[PDB]
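Beneath this line is the structure, given in structure tokens, with notes to follow.
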Amino acid sequence: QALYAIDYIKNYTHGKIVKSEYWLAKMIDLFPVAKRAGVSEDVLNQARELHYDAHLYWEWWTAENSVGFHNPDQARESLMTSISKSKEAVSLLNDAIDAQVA
Amino acid sequence: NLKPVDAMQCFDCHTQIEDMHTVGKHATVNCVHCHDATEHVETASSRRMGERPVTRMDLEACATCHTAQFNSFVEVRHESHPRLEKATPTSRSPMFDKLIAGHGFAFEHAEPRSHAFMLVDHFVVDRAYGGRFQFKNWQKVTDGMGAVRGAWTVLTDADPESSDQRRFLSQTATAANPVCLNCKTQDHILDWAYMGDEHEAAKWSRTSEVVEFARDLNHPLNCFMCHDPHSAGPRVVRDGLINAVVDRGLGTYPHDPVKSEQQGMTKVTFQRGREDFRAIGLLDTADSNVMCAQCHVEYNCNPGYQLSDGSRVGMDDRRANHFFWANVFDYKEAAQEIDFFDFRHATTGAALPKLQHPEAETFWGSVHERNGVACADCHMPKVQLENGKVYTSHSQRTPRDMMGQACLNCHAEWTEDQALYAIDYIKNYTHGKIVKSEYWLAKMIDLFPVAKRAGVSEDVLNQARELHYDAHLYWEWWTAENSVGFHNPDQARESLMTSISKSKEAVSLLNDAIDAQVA
Amino acid sequence: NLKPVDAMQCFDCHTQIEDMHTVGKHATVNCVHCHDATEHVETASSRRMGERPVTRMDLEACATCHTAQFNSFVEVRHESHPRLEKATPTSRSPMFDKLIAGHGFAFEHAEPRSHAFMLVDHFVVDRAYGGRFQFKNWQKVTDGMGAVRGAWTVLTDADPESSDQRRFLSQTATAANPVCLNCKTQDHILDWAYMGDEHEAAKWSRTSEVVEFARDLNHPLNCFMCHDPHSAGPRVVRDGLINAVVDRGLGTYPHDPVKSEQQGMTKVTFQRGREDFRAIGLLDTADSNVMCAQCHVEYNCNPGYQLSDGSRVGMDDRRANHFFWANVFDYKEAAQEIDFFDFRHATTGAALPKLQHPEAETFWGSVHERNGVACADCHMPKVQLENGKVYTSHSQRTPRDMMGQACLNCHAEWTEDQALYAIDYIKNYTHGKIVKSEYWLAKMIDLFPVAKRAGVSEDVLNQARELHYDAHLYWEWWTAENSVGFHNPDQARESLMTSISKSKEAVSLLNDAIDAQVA
Amino acid sequence: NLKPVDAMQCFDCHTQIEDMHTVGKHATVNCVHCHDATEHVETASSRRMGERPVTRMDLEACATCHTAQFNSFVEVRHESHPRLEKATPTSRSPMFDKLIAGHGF
Ligand code: HEC
Ligand code: HEC
Ligand code: HEC
Ligand code: HEC
Ligand code: HEC
Ligand code: HEC
Ligand code: HEC
Ligand code: HEC
Ligand code: HEC
Ligand code: HEC
Ligand code: HEC
Ligand code: HEC
Ligand code: HEC
Ligand code: HEC
Ligand SMILES: O=S([O-])[O-]
Ligand SMILES: O=S([O-])[O-]
Ligand SMILES: O=S([O-])[O-]
Ligand SMILES: O=S([O-])[O-]
Ligand SMILES: O=S([O-])[O-]
Ligand SMILES: O=S([O-])[O-]
Ligand SMILES: O=S([O-])[O-]
Ligand SMILES: [Ca+2]
Ligand SMILES: [Ca+2]
């Protein structure tokens, strides 16, 4: 039962780490597309400021060795923040790329 | 200490109950075991309820005389890893996020775990109630007996003062609606009209505030979902299943008219104010294929859209509670027949179906189903005892935990290791094809933004969107279905090869169109 | 399928059953579960039975609603070695044949095995029925479930055409009599008057032909031996126990009047033809010490002789069914009170008692008993489940199989190995003193022929015979008692040292007398 | 907490202890680990003990620096059956009582 409780936390936290990486990677891959579409430096810098937070609130948890066990609610709150920041950056870059195309 | 009541008094007004109770194996089981009807008897007339009697829906109402079945049911399989997200490289669908983008399952989709947790897990998953409900703390995740005693003994509500569906944490969704609950509990069996239609006698319906409905529900997988409490005979209570088998006349085995007649269902209807209200389906035999198909099917339990015009199909529409009752190769036709799809893909814009755990429809026509084997033979077998009264295990779990009973009694030519090896050959092969189907789907999906930004025509994009529907269907069936192909290995193989073919066709169409724009 | 009967009509005549049934936890359990009384009800008056109703005594009558308890009871402990003779160097009493010579136990006395087998084992042991009964073949010795279904489903009778007790093989005895069966079954509970006295309404009594009685009996350890079937409350049914505790006013705990009052017994009597016929003892609490003391006691269930004049005491005498209800240090006085001994030693000629399994009387005053611990805590503990409804294990066996529940919940300071080590320290020490007691008894016994042949006086031989009674009693208690000292280690030690002291005194007396004849 | 004593002063009288202690692998192990000799040192001469010093004989006096050896020593072998009489048919000397008769064993 105690092992099961550990694994519930690690499995849930790891799922959110994987989703945070999915969204970070999606954002990262838009940077070359945005650059080559002629998106402004202003927009790219806005996305770069979001990248700082998206990265921080993800990497803390790959760096930290308990896969959330040491503080499961904090891991959850942080990783949801990571995904939110990446999603914000993805929307910003997608819109800017689309405006360049139009 | 219970004091028996005179059932003859009840039978004067309750003739269907009389006919069921006096004939079956609960003829000696007094009403007081499950009903407190003292004030009801004082106030009822032959057509008016008067004071509403209390009906026990707790599983302990059955555990008093059937402890073995109850204990076997409530056992927690700790090897069924809990809260394990499927959209990870080590689980069922490594590319699920890219493929399902636009759907609420992107917020969380874990592997299933033991039946004791079905209602609490429904309440706490990130896709359901915006994170409103949590276990009281992270220790309570272990407590199967507590969940069975009642969801609200182990859960907390972030805001008991409001009843709206809303996000309490950012990366959650509010996908839950009242139809979901029919596959988690039947505590509401006397408060919900058939199909969840509006009804004067129904407290709850498809259009209810799901947070309010949730608060009224407690027990998972009530024992009476498969066993009539009055006759003790085999049955189903799930409205969607009765509707498919009986109302639409599709039969218990749609591919086999003979087996459908031998192993059929009889719809029994109960009225309120002499108007049809609720129904059950009595089974000709104790047929676990049909009992388990109350939940282990592909369904609608959600709003969606019409394929014809793209218009919203809300919870008020009968189509929001629907059993397609169709195998993977008949599903597209079944969705067209009700003019329905689930979501638009976030990247491709394609109208897509959402598939959920179609074990029953996958099992049809398979070698084991054709040889008269049923879910219970592999997942809840008879217990083998050197000296003891045999009973049926109710711990519905993988046969790996009980291979002697689940497989080897039939397969005398095999050792346990050989039978496990045969399972793994099928799962490994099917999983390889699922991964390849996802590779090709992802390759197609990633071409949509390239095509859009290259100025590829809407005509070509719509052609690719029509292919996406099929590529998705013929892949997702198998990530949704829990056997990783074991239940029907040839069908999985044929379907997943179809998925890859459709994606490849779309990839070629988009690549050519992009290249023509460049030239 | 059972159809319920009108219990209110039965209650018009059966007022004691009404008072018990309507109040307890079987108030909703219809009479048809255990009685077929259709013709009885048609023909009876309050003063005439009419047609005799059928009463079910099979354990399946309870297993229908209490499968967990039934299955735990019927389980066979294969580690309890079967048919293992105690008069061997590797068992409990290496010198038993020399010491018991003259008694029927010399023909066979095996170690106990699982409760499922008690009636079949009684029937087939070499000392009981002259070898008349056997298992159908040597495979059937494993079949606990079969024995529980009924003895005659698994046994054969060498001569169904005769009903006399006789030898069918040379080295057997015919010690069985109707009193024995009271500790093997209660199938005869409605056919046996209290104590086995003669009674117009009793088919069977102490003086019946035991072979005929045997053929009418089927089930071991009926569930209702400890649980009233009408109230479901705790009870005993064994006449000899009710006689000691209630009739003779000894109390449930003869050494503790306070505990005797708190944990007492109420005698309930049932009549035939308005004369007392049978009785039960309702317990104030669910006290397994007293439930198990229906059988795990020292008793008379046999003919014997008077200590006063040596005259025969036959089965017709009340003393042939007797619970002494006395500890080892009170037993000689208890036997003097009824003027009774069992056998004359074949070699020494001494009047001797025969002791049987005095677990209940040994447990009194021990550290565990004084701390409120009871047999069930160590031998029938509550089951421990991660998720499940708790019930009481009915597999009445050594705590070695379930040390976590039987010992370690109380003894938190110990590991399983430490607790086992403490058991073994006691058993090893006690067994060593049993072996030394047998050494000295055997030395004494072997001097009797030497003394007789040397012309030693009858007066000296009689003084030695008096010492033999004590030397025997204070040894045999502990080969009879099954815990090898664990139940009361200080009492075992004190008693066994008394045995050795007595034997040493007799050896000295005889050696001196022999030496004086030679001089 | 132990406070070390001046071992050189002890050696002014205890020359055999000096020769053993200063040469071996306990040369750095202070006397206070095993002796309380405060009043002894105050009252003794080379020819009179004075107050008798206390000497520790408990095994914990060594376990402080040699826990591994102490723990290996104190372990109970539960498989070495306890209180098992040898004069029984299943032990070492089945006929011991007859053969040893007259002896306390
Ligand atoms: C006629 C006067 C009645 C007697 C006597 C009993 N009941 Fe009844 N009951 C009656 C009516 C008219 C209704 C409304 C439904 C209908 O058939 O028209 C009911 C309802 C129930 C229910 C359902 C309650 C719910 O929550 O929906 C139950 C469980 C019920 N009744 C049980 C019951 C029992 C156990 C009785 C004997 C003690 C009994 N009823 C007497 C009419 C009458
Ligand atoms: C004791 C008072 C009971 C309560 C409460 C419940 N059941 Fe029962 N059940 C009971 C008996 C005595 C029997 C007959 C046993 C036999 O084999 O003769 C039954 C039977 C069942 C069966 C088997 C029916 C069949 O094979 O036709 C089932 C599936 C069953 N019972 C289920 C059940 C459920 C789900 C209950 C809670 C709603 C329940 N029983 C209560 C005794 C008692
Ligand atoms: C019966 C037709 C069902 C309806 C309607 C709903 N669910 Fe379900 N659910 C069902 C089964 C048979 C299973 C187990 C098999 C599987 O593939 O998981 C489930 C599982 C869940 C789980 C646990 C796994 C997970 O995805 O995290 C949750 C959280 C869950 N179901 C939630 C849920 C919601 C929110 C529903 C309405 C939108 C819903 N379920 C409907 C059967 C059925
Ligand atoms: C006593 C010194 C403890 C040790 C060692 C461990 N845990 Fe614990 N745990 C302890 C307390 C007092 C609490 C809070 C209890 C409460 O109800 O207030 C907990 C909490 C947990 C939880 C829940 C955490 C949450 O965030 O809600 C879990 C899952 C948990 N403990 C598990 C656990 C495991 C696996 C341990 C060994 C690695 C462990 N705990 C050590 C007390 C103590
Ligand atoms: C459907 C998913 C089921 C639920 C929920 C419950 N049971 Fe069940 N039960 C099920 C099957 C398929 C069978 C075997 C039928 C066959 O004949 O092959 C059973 C059997 C019973 C029985 C009969 C005795 C036995 O075979 O063990 C009893 C008494 C019974 N089940 C009780 C029971 C209880 C108390 C439940 C809630 C804990 C329960 N069942 C749920 C299918 C289903
Ligand atoms: C034996 C011939 C089977 C029959 C009949 C059914 N299923 Fe099955 N199932 C089977 C296997 C070998 C597996 C894989 C188990 C493993 O450990 O690899 C499965 C899997 C499931 C699962 C997922 C179980 C899990 O991963 O823990 C579910 C939910 C499941 N099966 C349900 C199910 C239903 C509803 C059936 C009747 C329609 C059914 N199975 C038949 C073997 C067999
Ligand atoms: C009065 C008209 C009676 C009714 C109604 C019932 N019984 Fe009876 N019973 C009656 C008598 C006079 C006797 C003889 C014993 C006595 O009390 O003097 C009995 C006996 C029984 C027995 C014992 C049979 C035996 O083997 O000794 C049983 C088990 C019994 N009765 C049960 C019973 C039941 C279940 C009834 C309702 C269906 C019932 N009896 C009605 C008098 C009367
Ligand atoms: C189902 C029709 C039953 C039959 C046949 C038997 N018993 Fe029973 N028993 C039944 C119920 C519903 C209950 C109450 C459960 C509760 O906890 O509320 C009982 C209870 C008992 C008990 C406990 C009594 C107490 O704690 O006071 C015992 C010891 C018991 N039952 C024993 C028993 C025996 C020996 C039976 C065969 C003669 C038997 N029961 C039949 C349901 C049913
Ligand atoms: C209750 C007071 C009893 C009476 C009367 C009889 N027996 Fe018994 N028997 C009893 C118990 C509690 C035990 C188990 C503990 C033990 O010391 O064995 C037994 C055991 C047997 C056995 C099996 C062991 C053996 O000796 O081979 C047999 C064969 C047996 N009992 C036979 C028997 C006979 C023939 C009796 C009447 C002369 C007799 N028993 C009476 C409890 C009681
Ligand atoms: C098949 C080639 C067999 C092998 C190998 C073993 N046994 Fe057997 N056994 C066999 C038969 C056909 C019979 C007679 C069956 C009948 O009901 O007529 C038996 C008998 C036994 C018995 C009963 C002996 C008696 O004298 O009544 C026992 C206890 C038994 N067998 C056990 C046994 C064991 C332990 C074996 C492996 C060493 C074994 N048998 C081999 C068939 C065969
Ligand atoms: C005396 C030697 C017993 C016999 C024979 C049977 N049971 Fe029993 N039972 C016994 C004890 C000491 C207890 C526990 C009492 C306590 O509260 O500590 C029980 C309990 C039961 C119960 C209650 C539920 C539970 O605790 O498990 C039931 C339903 C019960 N027993 C049933 C039962 C049946 C069916 C038996 C025949 C197979 C049976 N008991 C025999 C003591 C004795
Ligand atoms: C725990 C404190 C105990 C209580 C209370 C009772 N007994 Fe016991 N018993 C106990 C032990 C440790 C042992 C030795 C077991 C071993 O494996 O070494 C025993 C032994 C028995 C036996 C013989 C069992 C066997 O050898 O398989 C019997 C028949 C027995 N005990 C009965 C018994 C009765 C009737 C009690 C209440 C009066 C009783 N025991 C109390 C531990 C405990
Ligand atoms: C001379 C002035 C001394 C000094 C400085 C110390 N000790 Fe001594 N000790 C002395 C004498 C004359 C004796 C009597 C024995 C003898 O050799 O004639 C002792 C005895 C001890 C003993 C043994 C005590 C016993 O129980 O027998 C010990 C352990 C001892 N002495 C230790 C000791 C230590 C540790 C000193 C330094 C702190 C020390 N002694 C000083 C004479 C003198
Ligand atoms: C710490 C303050 C110590 C106390 C108290 C004791 N001993 Fe010791 N011991 C200590 C050290 C630092 C060493 C040398 C380690 C090395 O290998 O360099 C020792 C050595 C031993 C030895 C080995 C001697 C040899 O191989 O020549 C033994 C046998 C020994 N020690 C035993 C011992 C006993 C029995 C003690 C209690 C009277 C004891 N030591 C105290 C450190 C410390
Ligand atoms: O019997 S029911 O239909 O009231
Ligand atoms: O959402 S449920 O169908 O898995
Ligand atoms: O109720 S009984 O005593 O007939
Ligand atoms: O009460 S009796 O005498 O009929
Ligand atoms: O003969 S019985 O008492 O062991
Ligand atoms: O050094 S000792 O001999 O005093
Ligand atoms: O050396 S002693 O004699 O003081
Ligand atoms: Ca769907
Ligand atoms: Ca006796």
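FYI, nothing fancy with the structure tokens labels: chains A, B, ... in order, residues from 1 per chain, ligands from 1 as they appear.
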
- prompt: Given a cut-off of 7 Å, what residues near ligand 7 show up using only C-alpha atoms and all ligand atoms, put as a VMD selection string?
  reply: chain C and resid 5 to 7 9 to 14 31 35 to 38 40 to 41 44 to 49 52 to 55 190 270 to 274

task: Check every residue of chain C for an atom within 12 Å of chain A, counting only C-alpha atoms, and provide those that qualify as a ChimeraX atom specification.
output: /C:385-387

task: Would you please extract all alpha helix (DSSP H) residues from chain D, as assigned by DSSP on the backbone, and give them as a PyMOL selection string?
output: chain D and resi 7-11+15-21+38-43+60-63+67-74+96-100

File of the preceding selection, C-alpha atoms, as a PDB file, in the first residue's frame:
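Listed below is the output, selection-v6.pdb:
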```pdb
ATOM      1  CA  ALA D   7      47.699   7.829  31.647  1.00  0.00           C
ATOM      2  CA  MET D   8      51.367   8.778  32.232  1.00  0.00           C
ATOM      3  CA  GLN D   9      50.592   9.289  35.909  1.00  0.00           C
ATOM      4  CA  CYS D  10      49.036   5.815  36.138  1.00  0.00           C
ATOM      5  CA  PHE D  11      52.183   4.354  34.528  1.00  0.00           C
ATOM      6  CA  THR D  15      54.617  -0.642  34.689  1.00  0.00           C
ATOM      7  CA  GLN D  16      53.168  -3.880  33.230  1.00  0.00           C
ATOM      8  CA  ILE D  17      50.126  -1.959  31.983  1.00  0.00           C
ATOM      9  CA  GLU D  18      52.511   0.660  30.553  1.00  0.00           C
ATOM     10  CA  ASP D  19      54.493  -1.950  28.641  1.00  0.00           C
ATOM     11  CA  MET D  20      51.303  -3.488  27.189  1.00  0.00           C
ATOM     12  CA  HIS D  21      49.258  -0.333  26.510  1.00  0.00           C
ATOM     13  CA  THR D  38      39.817   9.538  40.278  1.00  0.00           C
ATOM     14  CA  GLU D  39      39.699   8.706  44.000  1.00  0.00           C
ATOM     15  CA  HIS D  40      42.200   5.838  43.485  1.00  0.00           C
ATOM     16  CA  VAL D  41      44.830   8.254  42.058  1.00  0.00           C
ATOM     17  CA  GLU D  42      44.312  10.638  44.973  1.00  0.00           C
ATOM     18  CA  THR D  43      44.846   7.953  47.623  1.00  0.00           C
ATOM     19  CA  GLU D  60      29.282  -1.971  25.777  1.00  0.00           C
ATOM     20  CA  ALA D  61      32.727  -0.689  26.885  1.00  0.00           C
ATOM     21  CA  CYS D  62      34.051  -2.230  23.664  1.00  0.00           C
ATOM     22  CA  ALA D  63      30.922  -1.820  21.480  1.00  0.00           C
ATOM     23  CA  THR D  67      29.958  -2.124  17.022  1.00  0.00           C
ATOM     24  CA  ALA D  68      30.283  -4.624  14.129  1.00  0.00           C
ATOM     25  CA  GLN D  69      31.940  -7.263  16.301  1.00  0.00           C
ATOM     26  CA  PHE D  70      29.555  -6.630  19.215  1.00  0.00           C
ATOM     27  CA  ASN D  71      26.441  -6.901  17.014  1.00  0.00           C
ATOM     28  CA  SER D  72      27.663 -10.057  15.324  1.00  0.00           C
ATOM     29  CA  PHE D  73      28.311 -11.554  18.776  1.00  0.00           C
ATOM     30  CA  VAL D  74      24.935 -10.657  20.338  1.00  0.00           C
ATOM     31  CA  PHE D  96      21.006 -40.669  28.692  1.00  0.00           C
ATOM     32  CA  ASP D  97      18.862 -41.065  31.831  1.00  0.00           C
ATOM     33  CA  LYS D  98      19.668 -44.765  32.193  1.00  0.00           C
ATOM     34  CA  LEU D  99      23.355 -44.235  31.431  1.00  0.00           C
ATOM     35  CA  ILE D 100      23.926 -41.118  33.562  1.00  0.00           C
TER      36      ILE D 100
END
```

message: Any residue with an atom at most 9 Å from ligand 12 counts, using only C-alpha atoms and all ligand atoms. Which are they? Put them as a ChimeraX atom specification.
response: /C:79-80,111-114,288-293,295-297,357-364,367-369,372-379,396-401,406-407,419-420,422-424,427,481-487

- prompt: Taking into account only C-alpha atoms, which residue in the set C:220, C:240, C:432, C:160 is nearest to chain D?
  reply: C:432

- request: Give me, as a list in words, the contact residues of chain C against chain B at a cut-off of 7 Å, counting only C-alpha atoms.
  value: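 That gives the following set of residues: residues 1, 2, 3, 4, 24, 25, 27, 28, 30, 65, 66, 67, 68, 71, 74, 75, 76, 144, 145, 387, 388 and 389 of chain C.
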
Using only C-alpha atoms, which residues sit within 12 Å of residue 135 (chain C) once same-chain residues fewer than 4 positions away are excluded, as a PDB file with N, CA, C and O atoms, in the first residue's frame?
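This is the output file part-v3.pdb:
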```pdb
ATOM      1  N   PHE C 117     -12.384 -33.713   9.460  1.00  0.00           N
ATOM      2  CA  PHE C 117     -12.270 -35.161   9.546  1.00  0.00           C
ATOM      3  C   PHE C 117     -12.720 -35.796  10.852  1.00  0.00           C
ATOM      4  O   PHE C 117     -12.548 -36.992  11.024  1.00  0.00           O
ATOM      5  N   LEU C 119     -15.438 -36.753  12.433  1.00  0.00           N
ATOM      6  CA  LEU C 119     -16.381 -37.868  12.511  1.00  0.00           C
ATOM      7  C   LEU C 119     -15.822 -39.091  11.754  1.00  0.00           C
ATOM      8  O   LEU C 119     -15.868 -40.213  12.268  1.00  0.00           O
ATOM      9  N   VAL C 120     -15.300 -38.884  10.552  1.00  0.00           N
ATOM     10  CA  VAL C 120     -14.733 -40.024   9.817  1.00  0.00           C
ATOM     11  C   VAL C 120     -13.556 -40.646  10.584  1.00  0.00           C
ATOM     12  O   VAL C 120     -13.393 -41.879  10.592  1.00  0.00           O
ATOM     13  N   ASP C 121     -12.734 -39.800  11.211  1.00  0.00           N
ATOM     14  CA  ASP C 121     -11.584 -40.313  11.967  1.00  0.00           C
ATOM     15  C   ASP C 121     -12.009 -41.121  13.182  1.00  0.00           C
ATOM     16  O   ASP C 121     -11.397 -42.145  13.480  1.00  0.00           O
ATOM     17  N   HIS C 122     -13.042 -40.644  13.896  1.00  0.00           N
ATOM     18  CA  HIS C 122     -13.659 -41.392  14.976  1.00  0.00           C
ATOM     19  C   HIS C 122     -14.110 -42.779  14.459  1.00  0.00           C
ATOM     20  O   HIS C 122     -13.909 -43.809  15.126  1.00  0.00           O
ATOM     21  N   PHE C 123     -14.721 -42.795  13.271  1.00  0.00           N
ATOM     22  CA  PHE C 123     -15.251 -44.051  12.754  1.00  0.00           C
ATOM     23  C   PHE C 123     -14.171 -45.046  12.328  1.00  0.00           C
ATOM     24  O   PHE C 123     -14.385 -46.254  12.437  1.00  0.00           O
ATOM     25  N   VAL C 124     -13.032 -44.550  11.805  1.00  0.00           N
ATOM     26  CA  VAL C 124     -12.015 -45.440  11.218  1.00  0.00           C
ATOM     27  C   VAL C 124     -10.808 -45.785  12.101  1.00  0.00           C
ATOM     28  O   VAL C 124     -10.038 -46.667  11.754  1.00  0.00           O
ATOM     29  N   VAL C 125     -10.621 -45.081  13.221  1.00  0.00           N
ATOM     30  CA  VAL C 125      -9.470 -45.381  14.096  1.00  0.00           C
ATOM     31  C   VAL C 125      -9.527 -46.842  14.595  1.00  0.00           C
ATOM     32  O   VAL C 125     -10.615 -47.379  14.837  1.00  0.00           O
ATOM     33  N   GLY C 131     -12.327 -52.076  13.512  1.00  0.00           N
ATOM     34  CA  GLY C 131     -12.016 -52.012  12.085  1.00  0.00           C
ATOM     35  C   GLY C 131     -13.187 -52.200  11.115  1.00  0.00           C
ATOM     36  O   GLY C 131     -12.981 -52.347   9.907  1.00  0.00           O
ATOM     37  N   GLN C 139      -7.306 -43.274  -1.146  1.00  0.00           N
ATOM     38  CA  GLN C 139      -7.288 -41.910  -1.697  1.00  0.00           C
ATOM     39  C   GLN C 139      -8.202 -40.986  -0.903  1.00  0.00           C
ATOM     40  O   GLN C 139      -7.970 -39.772  -0.838  1.00  0.00           O
ATOM     41  N   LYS C 140      -9.272 -41.551  -0.339  1.00  0.00           N
ATOM     42  CA  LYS C 140     -10.334 -40.709   0.249  1.00  0.00           C
ATOM     43  C   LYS C 140      -9.916 -39.983   1.509  1.00  0.00           C
ATOM     44  O   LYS C 140     -10.611 -39.069   1.960  1.00  0.00           O
ATOM     45  N   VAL C 141      -8.769 -40.371   2.063  1.00  0.00           N
ATOM     46  CA  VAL C 141      -8.255 -39.718   3.273  1.00  0.00           C
ATOM     47  C   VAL C 141      -7.987 -38.228   3.093  1.00  0.00           C
ATOM     48  O   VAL C 141      -7.913 -37.508   4.086  1.00  0.00           O
ATOM     49  N   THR C 142      -7.875 -37.755   1.853  1.00  0.00           N
ATOM     50  CA  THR C 142      -7.630 -36.337   1.591  1.00  0.00           C
ATOM     51  C   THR C 142      -8.921 -35.502   1.551  1.00  0.00           C
ATOM     52  O   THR C 142      -8.863 -34.270   1.528  1.00  0.00           O
ATOM     53  N   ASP C 143     -10.083 -36.163   1.516  1.00  0.00           N
ATOM     54  CA  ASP C 143     -11.291 -35.490   1.054  1.00  0.00           C
ATOM     55  C   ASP C 143     -12.076 -34.861   2.200  1.00  0.00           C
ATOM     56  O   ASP C 143     -13.055 -35.412   2.680  1.00  0.00           O
ATOM     57  N   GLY C 146     -15.654 -33.843   1.164  1.00  0.00           N
ATOM     58  CA  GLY C 146     -16.474 -35.047   1.119  1.00  0.00           C
ATOM     59  C   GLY C 146     -16.894 -35.486   2.521  1.00  0.00           C
ATOM     60  O   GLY C 146     -18.073 -35.823   2.759  1.00  0.00           O
ATOM     61  N   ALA C 147     -15.953 -35.479   3.466  1.00  0.00           N
ATOM     62  CA  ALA C 147     -16.294 -35.850   4.855  1.00  0.00           C
ATOM     63  C   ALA C 147     -17.365 -34.906   5.414  1.00  0.00           C
ATOM     64  O   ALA C 147     -18.287 -35.346   6.113  1.00  0.00           O
ATOM     65  N   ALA C 151     -20.159 -38.431   6.236  1.00  0.00           N
ATOM     66  CA  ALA C 151     -19.251 -39.561   6.501  1.00  0.00           C
ATOM     67  C   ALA C 151     -19.494 -40.726   5.556  1.00  0.00           C
ATOM     68  O   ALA C 151     -18.544 -41.336   5.041  1.00  0.00           O
ATOM     69  N   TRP C 152     -20.764 -41.022   5.285  1.00  0.00           N
ATOM     70  CA  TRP C 152     -21.049 -42.229   4.516  1.00  0.00           C
ATOM     71  C   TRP C 152     -20.905 -42.033   3.009  1.00  0.00           C
ATOM     72  O   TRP C 152     -21.066 -42.986   2.245  1.00  0.00           O
ATOM     73  N   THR C 153     -20.591 -40.808   2.586  1.00  0.00           N
ATOM     74  CA  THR C 153     -20.186 -40.569   1.203  1.00  0.00           C
ATOM     75  C   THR C 153     -18.733 -40.997   0.961  1.00  0.00           C
ATOM     76  O   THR C 153     -18.341 -41.183  -0.183  1.00  0.00           O
ATOM     77  N   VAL C 154     -17.952 -41.154   2.031  1.00  0.00           N
ATOM     78  CA  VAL C 154     -16.522 -41.486   1.910  1.00  0.00           C
ATOM     79  C   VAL C 154     -16.078 -42.768   2.625  1.00  0.00           C
ATOM     80  O   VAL C 154     -14.932 -43.183   2.465  1.00  0.00           O
ATOM     81  N   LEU C 155     -16.958 -43.362   3.435  1.00  0.00           N
ATOM     82  CA  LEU C 155     -16.655 -44.586   4.183  1.00  0.00           C
ATOM     83  C   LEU C 155     -17.450 -45.794   3.714  1.00  0.00           C
ATOM     84  O   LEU C 155     -18.499 -45.634   3.088  1.00  0.00           O
ATOM     85  N   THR C 156     -16.951 -46.976   4.068  1.00  0.00           N
ATOM     86  CA  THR C 156     -17.619 -48.254   3.809  1.00  0.00           C
ATOM     87  C   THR C 156     -17.699 -49.038   5.120  1.00  0.00           C
ATOM     88  O   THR C 156     -16.851 -48.898   6.012  1.00  0.00           O
ATOM     89  N   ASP C 157     -18.716 -49.890   5.223  1.00  0.00           N
ATOM     90  CA  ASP C 157     -18.955 -50.722   6.379  1.00  0.00           C
ATOM     91  C   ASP C 157     -18.675 -52.155   5.942  1.00  0.00           C
ATOM     92  O   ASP C 157     -19.259 -52.623   4.951  1.00  0.00           O
ATOM     93  N   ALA C 158     -17.783 -52.845   6.658  1.00  0.00           N
ATOM     94  CA  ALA C 158     -17.417 -54.244   6.326  1.00  0.00           C
ATOM     95  C   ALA C 158     -18.615 -55.206   6.332  1.00  0.00           C
ATOM     96  O   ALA C 158     -18.592 -56.222   5.630  1.00  0.00           O
TER      97      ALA C 158
END
```
